[PDB]
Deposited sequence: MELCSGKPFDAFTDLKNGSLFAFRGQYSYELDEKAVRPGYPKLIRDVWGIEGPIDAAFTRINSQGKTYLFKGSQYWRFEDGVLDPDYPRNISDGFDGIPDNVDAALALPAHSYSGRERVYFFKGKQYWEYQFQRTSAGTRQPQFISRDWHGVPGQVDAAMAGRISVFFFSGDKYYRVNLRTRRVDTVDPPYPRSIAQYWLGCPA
């Protein structure tokens, strides 16, 4: 399935060295400005060695820059695309308090947030309401990721940008929520 199909996304890693990965169904898209074929559809099983679909993902800011992929009750930890030894692990064992079957996750420019239904959890290396602390973000999200100064929340075929300093959905034109394909990816018309 093409990156620019306009279908919803399942998960995104965090922006690392100008690149990230999007997940949809059985597909991994590497989003990098440098790519020869940018957003070439690769199978998750071929790139990451695990079955899709994946629930959520995040990448850590630190120099190792480990990527975490979540599916059901388990998570996998990667370095330079290689699975670390003794993964997968149980979410319950690695992330005390975090539930199974998360909707989305992001790591902040060290804090990770997990999203499930109307709630989110803060994890550092007690649930709160998304719409209370993330001003403009609706209850439930499909996926999330962190940039340098903003975070992005994905819901169906649309997304929100939240400024980190104010934790408010930014005022833009046309307003959030708006098309991922058109305004986030800059897909061809």
Missing C-alpha runs, given along the deposited sequence, first residue counted as 1
110 to 116, 133 to 140
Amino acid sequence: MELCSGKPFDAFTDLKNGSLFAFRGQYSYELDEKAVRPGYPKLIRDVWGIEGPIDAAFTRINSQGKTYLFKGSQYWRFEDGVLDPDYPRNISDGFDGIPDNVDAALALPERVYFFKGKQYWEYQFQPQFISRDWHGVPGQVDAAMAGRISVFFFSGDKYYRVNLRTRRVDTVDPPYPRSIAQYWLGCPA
From here on, numbers count along this sequence of modelled residues.
Of 55 to 63 and 153 to 161, the stretch whose C-alpha atoms average the higher B-factor in the entry:
55 to 63
Test of understanding: from the entry's C-alpha B-factors, which stretch has the higher mean, 1 to 9 or 178 to 186?
1 to 9
Determine which member of 48, 27, 125, 70 has the highest CA B-factor, using the values in the deposited entry.
125
Reading the B-factor column for Cα atoms of 137, 35, 146, 43, the highest value belongs to 35
Sort the modelled residues of this chain by their C-alpha B factor and say whether residue 106 lands in the lowest, middle or highest third.
lowest
